[PDB]
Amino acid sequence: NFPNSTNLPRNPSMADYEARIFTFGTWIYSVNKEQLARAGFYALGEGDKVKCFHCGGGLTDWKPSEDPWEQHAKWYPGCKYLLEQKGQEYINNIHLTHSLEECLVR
């Protein structure tokens, strides 16, 4: 499924922080559910899989060292909600960091 890059959310029922928070329930996983919800994510109830309400972008297998906002930017750089919340300065930082990470290792 293609990422939504319009200013209009793919899932408006999940636009409110509160609505997103309810989707998690008891959350056993290594990443913080409030932190996920703040970054626009809601739970699908499929292990630790989340989707952004806005871009629809999905993400799984959360390691303790993976930040919701950073991962949002890594995989869904066109997300208008991300751009609104964080800014383009932050998005660029994050991408430069990841590209330089995936080059320093090799």
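By rigid core we mean the largest C-alpha set that fits within 1.5 Å across both forms. Residue numbers run from 1 along the displayed sequence.
Core-fitted comparison in 6 other deposited structures of this protein shows that, between 21 to 29 and 79 to 87, the CA atoms farther from the shown form belong to 21 to 29. When the other structures are laid on the shown form by the rigid core, the stretch among 49 to 57 and 64 to 72 with the greater C-alpha deviation in 6 other deposited structures of this protein turns out to be 64 to 72.
Comparing the deposited coordinates for 18 to 26 and 92 to 100, the stretch with the larger average C-alpha B-factor is 92 to 100.
The question of which stretch, 40 to 48 or 71 to 79, has the higher mean Cα B factor is settled in favour of 40 to 48. The deposited CA B-factor of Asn7 belongs to the middle third of values across its chain. Placement of the Cα temperature factor of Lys63 within the chain: highest third of the modelled residues, per the deposited record.
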